[PDB]
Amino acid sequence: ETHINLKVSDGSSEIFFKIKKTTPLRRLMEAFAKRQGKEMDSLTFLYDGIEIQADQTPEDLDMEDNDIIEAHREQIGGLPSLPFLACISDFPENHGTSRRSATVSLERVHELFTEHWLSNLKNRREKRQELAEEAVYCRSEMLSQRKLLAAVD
């Protein structure tokens, strides 16, 4: 009737909200951002493919009980391309690539990326709290890449 339950998710973590349909989503967005040490502008919330501004209300978007809002972090360097960079090898004239040779490569690529990310911290204007959550995000992603590479059948 007066309130609705919403689910904000970034694919890995979900949070539920109880808010009036007549109140601006600014509070909901800035709340979610806080739990990730992020600024509200550092993320992008979108409901049904469309983005949401800080003044639009659940009444505007005509949101319904138990609906979802997808939060999307801004891509981090070339993080998503790392495992692909490791798979590349010399043209097989005589030898053939090994699945172990790929994981060992991924180790080197994960190393290069890290050393570069850390070295890049001077150029970062973000706060400590926000860069910390990111470093942890990077490592969990890199870990996921490793598990996926070793899963190749």
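Start at 1 and count along the sequence shown; that's the residue number.
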>> I need to verify one thing: averaged over C-alpha atoms only, is the B-factor higher for 57 to 65 or for 85 to 93?
In response: 57 to 65
> Which is higher on average in the deposited entry, the C-alpha temperature factors of 129 to 137 or of 15 to 23?
Replying inline: 15 to 23
>> Just to confirm, going by the entry's C-alpha B-factors, which of 116, 100, 35, 110 comes out highest?
In response: 100
> Comparing residue 46 with the other modelled residues of its chain, is its CA B-factor in the lowest, middle or highest third?
Replying inline: highest
>> Which third, lowest, middle or highest, does the C-alpha temperature factor of residue 146 belong to within its own chain?
In response: lowest
